[PDB]
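K.L.:
Let me see the structure of the following:
(4 chains)
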Amino acid sequence: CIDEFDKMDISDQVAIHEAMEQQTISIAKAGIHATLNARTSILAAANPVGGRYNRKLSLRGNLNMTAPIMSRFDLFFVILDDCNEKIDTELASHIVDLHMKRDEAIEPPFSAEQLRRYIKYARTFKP
Amino acid sequence: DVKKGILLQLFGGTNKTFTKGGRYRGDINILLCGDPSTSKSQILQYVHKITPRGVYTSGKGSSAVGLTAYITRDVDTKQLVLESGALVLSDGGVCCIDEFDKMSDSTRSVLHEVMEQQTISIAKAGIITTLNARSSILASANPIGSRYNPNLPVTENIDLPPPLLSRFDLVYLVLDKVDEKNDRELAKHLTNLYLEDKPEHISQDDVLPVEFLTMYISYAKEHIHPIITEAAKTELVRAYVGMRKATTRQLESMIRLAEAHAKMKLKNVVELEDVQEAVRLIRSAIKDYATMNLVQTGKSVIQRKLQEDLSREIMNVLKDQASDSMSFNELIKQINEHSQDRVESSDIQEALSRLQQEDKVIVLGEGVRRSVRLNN
Amino acid sequence: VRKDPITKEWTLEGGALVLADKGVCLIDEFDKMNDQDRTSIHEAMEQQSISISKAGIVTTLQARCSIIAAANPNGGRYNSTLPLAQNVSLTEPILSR
Amino acid sequence: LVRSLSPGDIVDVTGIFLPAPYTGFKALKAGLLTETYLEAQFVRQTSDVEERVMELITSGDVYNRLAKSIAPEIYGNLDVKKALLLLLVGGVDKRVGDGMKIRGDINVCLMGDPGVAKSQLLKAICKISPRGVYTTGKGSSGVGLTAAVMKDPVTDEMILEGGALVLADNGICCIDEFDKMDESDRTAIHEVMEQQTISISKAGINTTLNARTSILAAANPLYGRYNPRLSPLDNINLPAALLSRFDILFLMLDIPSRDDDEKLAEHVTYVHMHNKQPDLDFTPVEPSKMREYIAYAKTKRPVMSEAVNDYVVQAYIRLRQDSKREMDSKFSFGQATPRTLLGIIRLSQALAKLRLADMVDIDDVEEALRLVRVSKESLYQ
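P.N.:
Residues are numbered from 1 along each chain as shown, chains lettered A, B, ... in the order given. This is the structure:
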């Protein structure tokens, strides 16, 4: 879970390569030349260019930076905030209760520990 | 109101572990700027004096490392020894930061971790770990002005990342209207002592506690656990609504902060009242905002305006060119020509670059800027 | 030829070309290639041999590799009806090669 | 007897002086030497002389007379000298009731280059001033100003050996090549503008020393000299943060002038030609008796009139007001920060002490002003 890929600036795009590639890790400091494969999910993130630019502006290039590694991304959820002061109110309440130390009955439809366990299960299946 | 917001910073918030995690603590990070010699130093002095665990540091006398993990050679045993840098120490109490605006970019990268996490993860060197440092942040800054000067974007006039900016809990901005009529009074105060040369009767005659304060602080800390109940909720929302009408964190702040207020006065539950001033205090930097921004400037009429006109013209000279390319020159010419919002040929160059690179434009040459084809 | 990792005698290494001499050179994203390389490329393509004068060692290796290249039409898939040289970034002199 | 001692202390110690055997390189000793040691048993840290002062007093014009009497050796700049006077005098400080103190002392900057032999002045003061210390940037090391914890002999052990500031504290400290002092130095000094404050957390030092020194700063403008095309603070390399500390910045710039240059030239010809420069007529004051009168004045601790207070205020408003009315660059430095005020307060507070005062007459003030306006604004010539 790599926050603010933006702070990658121009160095990490290099990384995305192997990353998006084999997740091989190529290392030669000349101490050795060694490719370390990897497999790791990408939970990734960046800000839009000018704040929320995406509205008229095309996402591509409203996102900008990831160059081709951009093309390496399977999914994207664009987040923008327009108040339905209905909704605004809603989240507002939500938060508030949360902020109220108690009593939060925020409890997952499924128990979370139960979840992680289940997660173990789901991996087992091979569709 | 400064002295006040601070006082709250002394009373700040309440820690919440949730079931696990939770852990918003009580933390409040106040920043303050203005014309220099504000005594802006003196305060940090005072707090540092008061603060048991606090530490006072200067911008640039610093970098992201000295706050943590010196891991120096012990050399007493001729050993290497992990030395908590400044921050880990400062866990608890507050931190006094000089010349925040001036900190090394490497430095304060630290901060975002602290501020957000409220803890710190050092994977570096021999031991990889996430250590918790929970401490309040008090930062001083000088506008570039150093008088931030009227108008301008203040948000500009402060420099800093508008995000990292936004991070600071309490944004205090100091300024001078030359109340005549103030300087007189201030000069009376100041001019005192004078007598007595041996320190005596500083603020007399006025009522103040001395050490009773320290204790009181201590006790209130120890024994108080305020809970706002429902009351706040409504108005509380309506506020931040008016605010975004700004960010959620603003709300969050409001929460923790007011919790300090009712922490003071020893309230285990909050009046819906005392939230008023709680808001008001935020409304102060706003009332200090009179006399996020980045985007605002950057939307047509700012950058959306910019590129919009840009493309517009490009389209025009295309049309009038029988679709042939617009020239760099003619571009710059009509674009400063229609004059008005002042499109500087450099800015021109930049936005042009943007659209082309956005493939919102397709053009080239050295002194030859041909036109575009926006496919996007 | 450069100083090896820390401490070893200083080892003269080839680009993929000399490596692929008589073999095949596989590369993509020349647009992504620094001119520093670009000169090298042109040089081989021309001479089919890689001369090296530094530091003290001065040689010409012979890379016989065949060039196989994947590239990115500048931006859009089809940049333009305009000729490909227009439709793509890289220099025609190299291209004619 | 342990722990009673601190660096930068002037103390009368009483102990029996005892040797302990040591010598140098073995090839270097005839024997037996002693190299010795000292042991410490015990430590101790206005009659007809008023006549000697009265000689100065009765003459009157002691401010100008003495003003001249300081380093008459150089031709010109009576203003700065007059300043140096008060610099030497100081006063009155204050304490706040809790209490916090306010210096209490003068911080003088001397700008301009190359010449003036501006240093020559510093040599003078450090000479005349008891507890004055002349230093230069590269020069006096940071650890020159700071104290090392280093063992000392006979007794024991790990001694905080101070220098510069600690060495000359309660007395002036003189800085040369002030531009060349680099940074760590600059930090400390920036701090010691807190007066009474030096603190070393490094390693075996947790201590915070109190430095009572006064500071005199001689630096050359950004190369080469004061580009008039360069604004103030352009031609000046230093940060205002420190400049804010500097109470008196005397900026000395040289535009050649046929007439005066004749005058100075004469001075320099007469002396050397004479050992004695002042003639027909100036009686310069023996720095000895001078120092005496100074001692006597230092006792005064004057008090301020409400009126002087008021005028002060009004003027101060005028001061900040015009200073900001200047707005952007040239000219400047703004802003006439309160420290400007406070400083002037201490300044008149000194001028009064030359009167020996307790009155603090408004003239002393207006003087301090004239001096102030005088310090800068020389940029206009």
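K.L.:
residues contacting the residue nearest to residue D:305 when sequence neighbours are not counted?
P.N.:
Leaving out its chain neighbours, the residue that sits closest to residue D:305 by Cβ to Cβ, 6 or more residues apart in numbering or on different chains is residue D:360, at 5.7 Å. (Each C-beta comes from the backbone N, C-alpha and C, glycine too.) Neighbouring residues of residue D:360 by Cβ atoms under 8 Å, 6 or more residues apart in numbering or on different chains: D:302, D:303, D:304, D:305, D:308, D:348, D:349, D:352.
K.L.:
same thing with residue D:222?
P.N.:
D:230, D:234, D:235, D:236, D:237.
K.L.:
just those residues now: which is nearest residue D:326?
P.N.:
Taking Cβ to Cβ as the measure, residue D:326 lies nearest residue D:234 of the contacts of residue D:222, at 15.4 Å.
K.L.:
Next, the contact list for that closest one, please.
P.N.:
Counting by Cβ under 8 Å, 6+ apart, residue D:234 has contacts D:222, D:227.
K.L.:
so which of the contacts of residue D:222 is the most crowded?
P.N.:
The most crowded member of the contacts of residue D:222, judged by other Cβ atoms under 10 Å in any protein chain shown, is residue D:236 (22 neighbours).
K.L.:
Residue D:269 belongs to a strand?
P.N.:
No - with DSSP: H, G, I helix; E, B strand; the rest coil as the criterion, residue D:269 is located in helix rather than a strand.
K.L.:
Number of residues surrounding it?
P.N.:
10.
K.L.:
same question, the one 10 residues further on
P.N.:
The burial metric for residue D:279, expressed as a neighbour count using other Cβ under 10 Å, is 9.
K.L.:
mind checking the SS state of it?
P.N.:
Per three-state DSSP, the secondary structure class of residue D:279 is coil.
K.L.:
so where does the spatially most central residue of chain C fall, helix or strand?
P.N.:
By Cα atoms, centre = their mean, chain C has its centre lying nearest to residue C:41, at 3.2 Å. Assigned by DSSP states H and E, residue C:41 belongs to helix C:35-47.
K.L.:
Would that helix count as contacting chain A?
P.N.:
No - using Cβ under 8 Å from any Cβ of the partner chain, helix C:35-47 never reaches chain A; the gap is at least 15.1 Å.
K.L.:
Show me what the helix or strand following that helix pairs with in its sheet, parallel or antiparallel.
P.N.:
Per DSSP H and E, the first helix or strand lying C-terminal to helix C:35-47 is strand C:50-52. The strands beside strand C:50-52 in its sheet (DSSP bridges) come out as strand C:59-61 (antiparallel).
K.L.:
how would you label the one residue in chain A that gets nearest to chain B: helix, strand or coil?
P.N.:
Nearest residue of chain A to chain B: residue A:51, at 3.5 Å (Cβ to the nearest Cβ). State at residue A:51, reduced to three classes by three-state DSSP: coil.
K.L.:
ok, and the residue nearest to it when sequence neighbours are not counted, which helix or strand is that part of?
P.N.:
Once flanking residues are discounted, residue A:51 sits nearest to residue B:295: 3.5 Å by Cβ to Cβ, 6+ apart. Assigned by DSSP H and E, residue B:295 falls within helix B:293-297.
K.L.:
what do you get for residue B:256?
P.N.:
Short version, using DSSP H and E: residue B:256 is in helix B:248-263.
K.L.:
how far does that helix sit from the chain's center?
P.N.:
Going by Cα atoms, centre = their mean, to the nearest Å, the spacing between the C-alpha centre of helix B:248-263 and its chain's C-alpha centre is 16 Å.
K.L.:
Restrict that helix to CA atoms and write it as PDB.
P.N.:
The C-alpha trace of helix B:248-263 is given here as PDB (Å, rounded to 0.1, in the frame of the first residue of the first chain):
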ATOM      1  CA  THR B 248     -13.000  17.000   7.000                       C
ATOM      2  CA  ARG B 249      -9.900  17.300   9.100                       C
ATOM      3  CA  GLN B 250     -11.200  20.600   9.900                       C
ATOM      4  CA  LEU B 251     -14.100  18.800  11.500                       C
ATOM      5  CA  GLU B 252     -11.700  16.400  13.200                       C
ATOM      6  CA  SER B 253      -9.800  19.300  14.700                       C
ATOM      7  CA  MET B 254     -13.000  20.800  15.900                       C
ATOM      8  CA  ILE B 255     -13.800  17.600  17.600                       C
ATOM      9  CA  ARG B 256     -10.500  17.100  19.500                       C
ATOM     10  CA  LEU B 257     -10.300  20.800  20.200                       C
ATOM     11  CA  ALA B 258     -13.600  21.300  21.800                       C
ATOM     12  CA  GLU B 259     -12.900  18.200  23.700                       C
ATOM     13  CA  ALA B 260     -10.000  20.200  25.300                       C
ATOM     14  CA  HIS B 261     -12.400  23.000  26.100                       C
ATOM     15  CA  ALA B 262     -14.800  20.900  28.000                       C
ATOM     16  CA  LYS B 263     -11.800  19.000  29.400                       C
END
